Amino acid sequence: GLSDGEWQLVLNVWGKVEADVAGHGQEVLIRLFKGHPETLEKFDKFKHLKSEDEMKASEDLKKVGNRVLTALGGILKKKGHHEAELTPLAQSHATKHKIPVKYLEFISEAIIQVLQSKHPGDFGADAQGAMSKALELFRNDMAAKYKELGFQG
């Protein structure tokens, strides 16, 4: 759905994230929890945290942040051929976590906001476009495996 040029702009900015996956991960989560507080409710381990300072101090949030961006970089580096990587993820998010597709949308946004903020020189207009389409592709594939797992997304 993305051209090669677009994969290139995606892998270029991912190279900046690769240096600090956990600190990036922790920042995406705080942005999501602040923007859409309803999403904090899905994480048992730290749904009690009320503020940013508490959030920044949680070792658990960081670790989870880490897991989440690690898995995502892995998908992105496949350039669209990520069936094997997405299967396990659709399976736990549709059964265990029960993450609605609107929630994958909010985190997408959150992702784009952090990149914009940290790496504007590696995230111009075209890159922003490419990243949005790559995340859309990911949500569309997630949604297709959720249907099959009988999870109304």
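Numbers follow the displayed sequence, beginning with 1.
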Mean Cα B-factor comparison, 121 to 129 or 90 to 98, giving the higher one as deposited
90 to 98
Between the two ranges 54 to 62 and 106 to 114, the one averaging a larger CA B factor in the entry
54 to 62
Residue 71: which third of its chain by C-alpha temperature factor?
middle
Ranked by Cα temperature factor within the chain, is residue 152 in the lowest third, the middle third or the highest third?
highest
Which third of the chain holds residue 137 when residues are ordered by C-alpha B factor: lowest, middle or highest?
lowest
Sorting the chain's modelled residues by C-alpha B-factor, tell me whether residue 144 ends up in the lowest, middle or highest third.
middle
Residue 19 by Cα B-factor - lowest, middle or highest third of the modelled chain
highest
